[PDB]
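**Q** Please read through the structure below; I'll follow up with questions.
The values are calculated or read from the model by the stated rules, or taken from the named source; these are not laboratory values. Every residue, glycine as well, gets a Cβ built from its backbone with ideal geometry; the counts of neighbours run over all protein chains shown.
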Number of protein chains: 2
Amino acid sequence: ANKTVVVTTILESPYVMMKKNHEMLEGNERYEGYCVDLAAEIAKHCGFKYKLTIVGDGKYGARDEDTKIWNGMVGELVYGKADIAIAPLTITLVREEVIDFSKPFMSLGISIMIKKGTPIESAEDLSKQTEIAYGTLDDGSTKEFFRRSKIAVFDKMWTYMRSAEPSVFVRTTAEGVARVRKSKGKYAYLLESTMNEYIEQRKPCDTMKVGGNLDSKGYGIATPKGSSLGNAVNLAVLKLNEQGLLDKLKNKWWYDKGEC
Amino acid sequence: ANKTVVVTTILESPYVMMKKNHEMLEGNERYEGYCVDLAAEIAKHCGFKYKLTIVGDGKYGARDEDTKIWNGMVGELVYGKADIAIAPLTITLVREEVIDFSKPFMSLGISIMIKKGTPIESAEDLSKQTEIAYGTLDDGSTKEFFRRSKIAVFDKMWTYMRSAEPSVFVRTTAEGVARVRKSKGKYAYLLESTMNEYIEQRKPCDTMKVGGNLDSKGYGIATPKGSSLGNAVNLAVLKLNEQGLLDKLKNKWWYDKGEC
Ligand SMILES: N[C@@H](CCC(=O)O)C(=O)O
Ligand SMILES: N[C@@H](CCC(=O)O)C(=O)O
Ligand SMILES: [Zn+2]
Ligand SMILES: [Zn+2]
Ligand SMILES: [Zn+2]
C-alpha cells in the first residue's frame, strides 16, 4: 500500500528556499530550489508521492559523543521521523555507517570565503596568522573534516578553531556569510565550494572564493539503512546525471539568476 | 574460509603499468601505479589477500547488442571470473544495474585533448567544423555518453563520429594519444579529464586539455552484484578519501612525476 514519502530537507540557498509569495501557498508549493526540483524528478522516476518537511533542529547531522544520539537530518532518518533526505548532505564515513547514500548528485569540496580585499589566498595563509579569525558550520561535515584530519595544516587550523574564543563556529551558513560581510575582513569562513560559489554571485557581491578546494567529495540522497527506496533512488540519481538534468539544475540556480 | 581475492584491472597509465623490471619480479610486484597502490590499501583495510590480473580483452566493459554479453572488466565480474575491479572504471547507470560500485574514489569528466596549436577550445568548436577529426575510446563510457546524449552539440558530434570513415574510435587510450600526436593537429581526442591531465604532463609535452569538462562523474571500485565484499570496500574508500590518501596518490602519479 503506497504511502506518501516524508522528505526531510533544510533551508539552505539555493537548494531549498521559501518562495517570495510562500505565505499564500501550501504544502510543497511553498518551496523552490535545486533540491526542490531534484525531489520532484526523483519522485517522478521512482513513482512516489511526497511531502517536503524542514528538519526540526535546522541541522545537517552529527552524533552526540556522550549520548550517541544523532541530530539533524541524519537523526530524522535514523529514528524513523523521515523516509528520505534530499538536501546538500555530504556523504561521509560516519554517516554511511548509520544511513544509506545514493551515488553523489553533486561534487564539491571545502573552500574559503573571504570579504573582498582580505589578504588571504589559501588555508596555509590562514594558519600562518592570527589577525583574521576563521571558522565553520556546526554539526556539519566541514567541522568533522578538520576534527578527523591528520594533515599538518588542517590540524593546526582545527587546534585554533576548536579553542578559539569568541566561538568561530556558526549555526547556519547564512550566519557565517553575514559574519564575513560585517567583519571588515577580519573573519574568513570555511564552507563547501557549492555554497561559496553561489554566494559569490549574490549581491552585494562583496565576497569571493579563494584557493583550491581542500578536499573532493559529494552530496548524496540519504535513506534509512536497508530502506526499500534506496535502490530506486540510487538508479534515479545516475539517470538524472546522465541525462544532463543535474547539470541543467546547477546552472539554473547558480548562474542563470546570478546578480553580480 | 578466507580465499585470495581475484582483482581485475586494466593496463592504463598511470593507474596500472608494468614495472621496468617486471620480468625479474613476481605476482602483484610486477605492477605499479595509482590503482596498484590503491588496491594494496583497500586490501589492508578490508583484511583480504589478493591477486592482480589484467583483464583478458583489455576493455572496460560494455554489453554487446546482439549476444547481450558483457565484455571487459564488467564482464569478468558479471560472469564470476573476478571478485573485484580496481581500475578507472566509470560509475554508470547501465553498469550499476548489473554490478555494484563503491562511492567514487576519483572525480572526473569528459574532456578534449588537442595537439598544441590546434584551433579548438570547446566541444562546440569541434561540432562547428570538419577539418579536424575527433573520436573517443571504443567500448567505453565516453562513447556511450555521446551515443545517448540529447544535447544538441553532443548529438551533432555523435552523428559525425558514428559515421566517420576511417573510424575515429580507438582501442586504447595510448592509441588515441598517439593519433593526436601524429596528426599535425587534424585529430582531437575526447577522453576523461583524469587521463587528459596525466598525458599533459608527459613528454614530449605536445598535448593540451582545452575547454571545460562536458560532464561530471566518478570512478568506483566494482564488485559482483550482492557481493559481501561491497560494504567493506565502500567504507574503505570513504575512509581513505577522508584521510587524504586518494589526493596524495593522485599527486604522486600525476604531478610529482610530471615530465613537463
Ligand atoms: N553539507 C554539509 C553541511 C555544510 C558544511 O558542513 O559545510 C553536511 O552535510 O554536513
Ligand atoms: N573510464 C571509462 C573508459 C575511458 C573512456 O571511456 O574515456 C570506462 O569506464 O568506460
Ligand atoms: Zn526526468
Ligand atoms: Zn550532549
Ligand atoms: Zn591505510
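Every residue, every condition in (1) outside the structural domain of A:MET113 (by CATH); (2) touching a residue at least 24 places away in the same chain (Cβ under 8 Å), yes or no:
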residue	(1), (2)
A:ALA164	no, yes
A:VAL170	no, yes
A:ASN213	no, yes
A:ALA222	yes, yes
A:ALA232	yes, yes
A:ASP247	yes, no
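**Q** Tally the residues that are within 14 Å of chain A (Cβ to nearest Cβ) and among the small types (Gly, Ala, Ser), restricting the search to the stretch B:101-123.
**A** Total meeting the criteria: 4.
**Q** Continuing with this model, one more query. Read through the list (1) within 16 Å of ligand 3 (Cβ to nearest atom); (2) surrounded by 14 or more Cβ atoms within 10 Å (Cβ to Cβ); (3) not small (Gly, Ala, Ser), then give the number of the only condition that B:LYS150 fails.
**A** Looking at each condition in turn, B:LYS150 falls short on (2).
**Q** So, A:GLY185, is that one at positive phi, of a type outside the set (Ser, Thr, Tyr) and in a loop (DSSP other than H, G, I, E, B) or not?
**A** Numbers: at positive phi: yes; of a type outside the set (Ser, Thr, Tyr): yes; in a loop (DSSP other than H, G, I, E, B): yes.
Judged against the criteria, A:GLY185 is a match.
**Q** Checking the structure you have, find out if any residue of the stretch A:215-231 is in a helix (DSSP H, G or I), within 14 Å of another protein chain (Cβ to nearest Cβ) and more than 16 Å from the chain's Cα centre (by Cα).
**A** yes
**Q** Okay, moving on. Here is a list: B:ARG162, B:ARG179. Which entry is more than 14 Å from every other protein chain (Cβ to nearest Cβ), of a type in the set (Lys, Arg), surrounded by fewer than 23 Cβ atoms within 10 Å (Cβ to Cβ) and closer than 22 Å to B:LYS209 by Cα?
**A** Details: B:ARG162 fails: closer than 22 Å to B:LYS209 by Cα.
Selected residue: B:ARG179, the only one of B:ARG162, B:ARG179 that is more than 14 Å from every other protein chain (Cβ to nearest Cβ), of a type in the set (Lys, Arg), surrounded by fewer than 23 Cβ atoms within 10 Å (Cβ to Cβ) and closer than 22 Å to B:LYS209 by Cα.
**Q** Okay, next question. Condition first: in contact with a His (Cβ under 7 Å, 6 or more places away or on another chain) and either buried (at least 19 other Cβ atoms within 10 Å of the Cβ) or on the phi > 0 side of the Ramachandran plot (or both). Now tell me which residues in the stretch A:211-253 satisfy that.
**A** A:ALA236
**Q** How many of the residues making up the stretch B:128-147 are closer than 20 Å to B:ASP215 by Cα and either polar (S, T, N, Q) or surrounded by 14 or more Cβ atoms within 10 Å (Cβ to Cβ) (or both)?
**A** Residues that pass the stated criteria total 13.
**Q** Looking only at the stretch A:47-77, how many residues end up being more than 16 Å from ligand 4 (Cβ to nearest atom) and either β-branched (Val, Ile, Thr) or not assigned by CATH to the domain that holds A:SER228 (or both)?
**A** 3
**Q** In the stretch A:238-249, how many residues are away from ligand 2 (no atom under 16 Å from the Cβ) and at the interface with another protein chain (Cβ under 9 Å from one of its Cβ atoms)?
**A** The qualifying residues number 5.
**Q** Scan the strands (runs of 3 or more DSSP E) fully inside the stretch B:1-111 and keep the ones with 2 or more residues being over 26 Å from A:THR92 (Cβ atoms).
**A** Details: elements: B:5-9, B:50-54, B:99-101, B:106-108.
By residue number, B:5-9, B:50-54.
**Q** Let me ask something additional. Search the stretch A:69-100 for residues being acidic (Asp, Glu) and within 14 Å of chain B (Cβ to nearest Cβ), and hand back the single one that is farthest from A:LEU246 (Cα to Cα).
**A** Per the stated criteria, the residue is A:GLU97.
Conditions (1) crowded, with 23+ Cβ neighbours inside 10 Å; (2) aliphatic (A, V, I, L, M); (3) without any contact (Cβ under 8 Å) to a residue 24 or more places away in the chain; (4) out of contact with any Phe, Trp or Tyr (no Cβ under 6 Å at 6 or more places or on another chain), marked per residue:
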position	(1), (2), (3), (4)
A:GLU23	no, no, yes, yes
A:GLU29	no, no, yes, yes
A:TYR34	yes, no, no, no
A:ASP37	no, no, no, yes
A:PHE48	no, no, no, yes
A:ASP64	no, no, yes, yes
A:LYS68	no, no, yes, yes
A:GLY72	yes, no, no, no
A:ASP83	no, no, no, yes
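**Q** Shifting gears a bit: Exactly one condition in (1) in contact with a helix residue (DSSP H, G or I) (Cβ under 6 Å, 6 or more places away or on another chain); (2) under 20 Å from A:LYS143 (Cβ atoms) is not met by A:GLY220; state its number.
**A** Of (1) in contact with a helix residue (DSSP H, G or I) (Cβ under 6 Å, 6 or more places away or on another chain); (2) under 20 Å from A:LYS143 (Cβ atoms), only one is false for A:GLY220: (1).
**Q** State yes or no: is A:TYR160 more than 19 Å from A:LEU89 (Cα to Cα) and assigned to a strand (DSSP E or B)?
**A** On the way: more than 19 Å from A:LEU89 (Cα to Cα): yes; assigned to a strand (DSSP E or B): no.
Taking the combined requirement at face value, the residue does not satisfy it.
**Q** May I ask you to verify whether A:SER149 is without any contact (Cβ under 8 Å) to a residue 12 or more places away in the chain and either of a type in the set (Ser, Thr, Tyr) or away from every other protein chain (no Cβ under 12 Å) (or both)? Please lay out each step first, then the result.
**A** On the way: without any contact (Cβ under 8 Å) to a residue 12 or more places away in the chain: yes; either of a type in the set (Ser, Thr, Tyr) or away from every other protein chain (no Cβ under 12 Å) (or both): yes.
The answer is yes for A:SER149.
**Q** Just give me the residues in the stretch B:7-21 being in contact with a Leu (Cβ under 9 Å, 6 or more places away or on another chain) and either of a type in the set (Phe, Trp, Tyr) or touching a residue at least 60 places away in the same chain (Cβ under 8 Å) (or both), in sequence order.
**A** The answer is B:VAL7, B:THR8, B:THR9, B:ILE10, B:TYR15, B:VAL16.
**Q** Going through the stretch B:126-137 one residue at a time, which ones are in contact with a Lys or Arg (Cβ under 6 Å, 6 or more places away or on another chain) and free of Cβ contacts under 8 Å to residues at least 40 places away in the same chain?
**A** Correct list: B:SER127 only.
**Q** Are any of the residues in the stretch B:193-206 touching a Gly at 6+ places or on another chain (Cβ under 8 Å), closer than 24 Å to B:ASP247 by Cβ and within 14 Å of chain A (Cβ to nearest Cβ)?
**A** Yes.
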